[PDB]
Amino acid sequence: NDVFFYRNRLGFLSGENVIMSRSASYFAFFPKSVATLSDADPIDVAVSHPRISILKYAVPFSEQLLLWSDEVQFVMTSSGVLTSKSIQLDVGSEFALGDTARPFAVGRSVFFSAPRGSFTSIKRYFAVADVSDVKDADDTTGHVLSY
Amino acid sequence: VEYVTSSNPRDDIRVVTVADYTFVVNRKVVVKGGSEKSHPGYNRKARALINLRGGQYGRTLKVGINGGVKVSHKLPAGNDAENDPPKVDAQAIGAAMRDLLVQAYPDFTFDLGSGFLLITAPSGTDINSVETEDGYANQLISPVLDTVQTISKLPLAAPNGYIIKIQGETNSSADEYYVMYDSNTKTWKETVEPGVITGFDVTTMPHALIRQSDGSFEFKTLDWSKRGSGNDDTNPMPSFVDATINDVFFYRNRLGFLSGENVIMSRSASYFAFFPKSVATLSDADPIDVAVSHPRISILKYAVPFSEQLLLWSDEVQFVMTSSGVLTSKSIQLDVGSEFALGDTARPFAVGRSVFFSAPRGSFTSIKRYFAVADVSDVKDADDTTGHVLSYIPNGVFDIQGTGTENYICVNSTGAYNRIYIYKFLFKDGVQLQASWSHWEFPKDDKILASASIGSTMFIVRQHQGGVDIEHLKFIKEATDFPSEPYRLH
Amino acid sequence: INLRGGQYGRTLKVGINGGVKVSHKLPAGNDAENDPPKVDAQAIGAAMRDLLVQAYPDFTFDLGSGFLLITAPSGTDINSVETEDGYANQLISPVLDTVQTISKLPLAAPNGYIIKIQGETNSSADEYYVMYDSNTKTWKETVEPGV
């Protein structure tokens, strides 16, 4: 579904799995040897939620990486050096969106669409100031609800 | 269909869809163990082995069984030059010992192998001890029955299918494991102690529902793993053996179950294995099992992910789960977060950054909202939404639905089967701007069985006197349902 | 079949697939002009080849520099080889496709031979495959055939 770049590693998206290649080298998805385990090996994990989701877009924002689905939004992080044993994915928000237009980024905000009954709405994705690690969404077409 | 037979299908059956399966759980059946054993027909007190390794000159050897009489055999000197060297070979020594031992004990059975001598016990008799004598420091003839101290003491060869136990060094800290021998490749491999139960009773464990290509459905069971390790005390059975399961969740690439006051997770990257690979060496991909208790007494019932955390809820206490580094079986922590009370008849619903749950009272129910305070770090509060209206919703709530594009919540109940209560809200910059309570109404003698929403549509199932009907309800604007209408008829 | 060393007053026996077993007896040390030349490994290998030729007329035998090679005819699979020696398996030892540890590797082999190393029981490791080079007399990791 998509291609992205992160931590000097190429990656793909498919189903509910995140796949990353080896370090430095970009066109290799197989470990060098089985006898000895190294710290530069391909990574493969899985994520699932009861609402059922399929990953469709990858967006970098605010010194982090975000993976978006049609009902849930995930956050990727790690504890120390990023290896196959220390990668974490978790849930951050539960908004709704559509899958026909790529999100656009300007300044410190992200704009995305959200279809409705017979019209469309445009929302803005920002970060609350006083508080840390709190993402919020706001609606810009509040007054003009049928345009 | 026998796993799904009950009397109250509303508080017994649960449905969860994780991975690529649809799980069905009936929280009334009690799990039971299997009825299959380990290696069939392998007596541990019937055979013995004596190693053969080299020889010397002018030595004497003696062998005794069960503290009985001892035979004797003397090696020659080196005075001769053409007969002494051939007599020191191990095979000749073994043959001579067999010939001597045959007469002494006329009840056993002796056989010669490729560097070993085999002794067979007759019928109902158990070999308990063997004593041997040699001139050197036990480096010519040494007996072994079922146990060795280290790996280096293993015999050179043995008949196929032999089993030996390794105790290990005294100073070091380790475990006990069992090893079997192969004849074709002449190697050793880890196995399981004989006389141990391995498996679960499949027909008392969560089933699954799958869809084929033609559109039909099927109901089947699941294939769990089996034991591949030592004995009971080293590798005990999991906790959920004589209890009931309540919920199924997913976290950190590991499947999880809930039962009693215990949390159980499987191995990494494997969703159907609850047993470690080996006892000889530890690893960081082994199943986890812990326990939690509070003086107020509680039973875990629901698991809810929220705000990059996982929360476990009971009827009086709420817990928070975290870890210090890489999540292992020795680095998991559980703590106490809140003290609010709640009921156990409707699953909590999550919209935006809030969670809605019910809480019964004297004669009427109440609805609360679970959010997070902004300025403060990691504090959770609960606010009551039905504050001004306190005598509105009757008792018997059994469903909570909603939608995140129209900002409303639907609540059913058992007091009235022809009403739907609706709550409307709107948030902006962290301050609420609207809160209204009202309800709809249908004809008198009717029952509303279900009402769920997908997008901007509501599906309704109604049971009137004639039968059962299914209907739609849209939210269009400047439009008509059918093409040829003057306007939207109500 | 490995060839290494020799002694006095020892007997050797070899069998294939649980068939008949040949025998050969080493001389004693009473003489002092013919005994030493009859303990060399190469002479033992030649004698064993000569004895084995008559026993099994279908198989093919060849003598190498420190090893003896057995070739199966057409559609026949070698499944077991048994040997006998006076000492603790330090004169003649058979190997087919598997060795417990690295130190059990044969001294030499024909070019292109592949051997599988299982590993120690107590240790935690993985299974890998190794190949042999005649020109440099070394060993290198490779890939299992038929994949």
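**Digging into the overall build of chain B**
The helix and strand inventory of chain B stands at one helix and 34 strands. In terms of C-alpha radius of gyration, chain B reaches 36 Å, well past the compact-globule figure of 23 Å for 490 residues. In terms of overall dimensions, chain B has C-alpha extents of about 130 × 55 × 40 Å along its principal axes. Taking all 490 residues of chain B together, 38% fall into the buried category. When contacts within chain B are restricted to residue pairs at least 6 apart in sequence, those whose partners lie at least 24 apart make up 45%. Entry remark: accessible area of chain B is about 27000 Å², with carbon and sulfur atoms responsible for 52%. Computing the positive centroid from 46 side-chain charges and the negative centroid from 57, chain B places the two 1 Å apart.

**What about the interface of chain A and chain B?**
In this assembly, 26 residues from chain A lie in contact with 25 residues from chain B. Summed over both partners, the interface of chain A with chain B comes to about 2100 Å²; 48% of that surface belongs to carbon and sulfur atoms. On the chain A side of the interface with chain B, the three residues burying the most area are A:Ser48, A:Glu94 and A:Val131, jointly 19% of the side's total. At the junction of chain A with chain B, the criterion picks out one salt bridge. For A:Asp136, the salt bridge identified is with B:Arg353, shortest N-O distance 2.8 Å. Put simply, chain A and chain B have three residue pairs in polar contact between them. Among the elements of the structure, β4 (43–46), β8 (87–93) and β12 (135–139) of chain A are those that each provide at least two residues to the side of chain A that touches chain B. With four residues, β8(A) is the single largest residue contributor to the side of chain A that touches chain B. Considering only residue class, the side of chain A that touches chain B consists of nine nonpolar, nine polar and eight charged.

**Observations regarding the sheet that holds strand β7 (residues 73–78) of chain A**
Residues and elements named next belong to chain A. Reading across from one edge, β5-β6-β7-β8 is the order of the four strands in this open sheet, with antiparallel pairing throughout. The outermost strands of the open sheet, each flanked by one partner alone, are β5 (57–61) and β8. In this sheet, neighbouring strand axes are inclined to one another by 30° on average, regardless of whether the strands run parallel or antiparallel. Across five bridges, β5 lies against strand β6 (residues 64–68) in antiparallel orientation. Each bridged residue has a counterpart across the sheet, and for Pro-60 the counterpart in β6 is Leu-65.

**Thoughts on the nonpolar core**
Membership of the largest hydrophobic core comes to 18 residues, with the highest contact counts inside it found for B:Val18, B:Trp224, B:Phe240, B:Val248 and B:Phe257. Listing elements by their share of this core, those giving two or more residues are β2 (23–26), β16 (248–251) and β17 (254–259) of chain B.

**Description of unusual backbone geometry**
Although it is not a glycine, A:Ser62 sits at a positive phi angle of roughly 55°. Relative to the elements of secondary structure, A:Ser62 occurs in the loop between β5 and β6. Since its relative accessible area comes to 49%, A:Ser62 is described here as partly exposed. With a phi close to 65°, B:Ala269 is a non-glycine residue in the positive phi region. The topology assignment puts B:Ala269 in the loop between β18 (262–265) and β19 (288–291). What makes B:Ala269 exposed here is its relative accessible area of 60%.

**Observations concerning the packing of aromatic side chains**
Considering all chains together, one arrives at 24 aromatic pairs over all chains under this definition. Judged by centre distance (5.6 Å) and plane angle (75°), the ring pair of A:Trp68 and A:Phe112 falls under edge-to-face. Taken as a pair, A:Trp68 in strand β6 and A:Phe112 in strand β10 (residues 109–115) lie far apart in primary sequence, 44 residues in all. Look at A:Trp68 and you get buried, because its relative accessible area is 4%. With a centroid separation of 6.3 Å and an interplanar angle of 55°, the aromatic rings of B:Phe250 and B:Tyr271 are classed as tilted. Residue B:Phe250 is located in strand β16, and its partner B:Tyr271 is located in the loop between β18 and β19; the two are separated by 21 residues in the primary sequence. Exposure remark for B:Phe250: the relative accessible area of 16% places this residue in the buried category. Three or more aromatic residues joined by ring pairs form one cluster here, namely B:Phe200, B:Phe240, B:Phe257, B:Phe274 and B:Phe275. Against the face of B:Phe398 rests B:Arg10, its NZ or CZ located 4.2 Å from the ring centre.

**Quick look at helix α1 (residues 41–55) of chain C**
Residue and element names in this part refer to chain C. The end-to-end C-alpha separation of α1 is 21 Å, in line with the 21 Å expected for 15 residues at 1.5 Å each. Along α1, the residues classified as buried are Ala-41, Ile-44, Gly-45, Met-48 and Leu-52. Projected down its long axis, α1 shows its buried positions confined to an angular sector of 95°, all on one face. Looking at the buried positions of α1, the neighbouring elements they touch are β1 (2–3), β2 (11–16), β3 (21–25), β4 (60–63) and β5 (68–71).

**As for the interface of chain C and chain B**
The interface is formed by 21 residues belonging to chain C together with 20 residues belonging to chain B. Counting each side, the surface lost to burial between chain C and chain B is near 1700 Å², with a carbon and sulfur contribution of 48%. Area buried by chain C at its contact with chain B is led by C:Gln118, C:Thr121 and C:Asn122, which between them contribute 25% of it. Linking chain C with chain B are zero salt bridges, by the criterion used here. For the pair chain C and chain B, the interface holds four residue pairs in polar contact.

What counts and what doesn't
Residues numbered from 1 in each chain as written, not as in the entry; some residues may be left out. Chains lettered and ligands numbered in written order. Part of a larger assembly, values for the part shown. Heavy atoms only, no water. Helix = DSSP H or I, 4+ residues; strand = E, 2+ residues; numbered from the N terminus. Rg over C-alpha atoms; globule rule 2.2 N^0.38 Å. Buried < 20%, exposed > 50% of the residue type's maximum accessible area, 1.4 Å probe, protein only. Contact = heavy atoms within 4.5 Å. Areas by Shrake-Rupley, 256 points an atom, 1.4 Å probe, with all protein chains shown as cover. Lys, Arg positive; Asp, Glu negative; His and termini not counted. Charge placed at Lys NZ, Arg CZ, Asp CG, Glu CD. Buried area = accessible area lost by both parts, 1.4 Å probe. Salt bridge = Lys/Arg side-chain N within 4 Å of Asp/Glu carboxyl O. Polar contact = N/O pair within 3.5 Å; in protein donor to acceptor, adjacent residues only side chain to side chain. Nonpolar A, V, L, I, M, F, W, Y, C, P; charged D, E, K, R; others polar. Pairing = 2+ DSSP bridges. Axes fitted to C-alpha atoms, helices over the stretch in contact; angles between N-to-C directions. Core = buried A, V, L, I, M, F, W, Y, C linked by side-chain atoms within 4.5 Å. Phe/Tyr/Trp six-rings, centres within 6.5 Å; stacked < 30°, edge-to-face > 60°. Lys NZ or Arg CZ within 6 Å of the ring centre and 35° of its normal. Expected span 1.5 Å × (residues − 1). Arc of directions from axis to C-beta.

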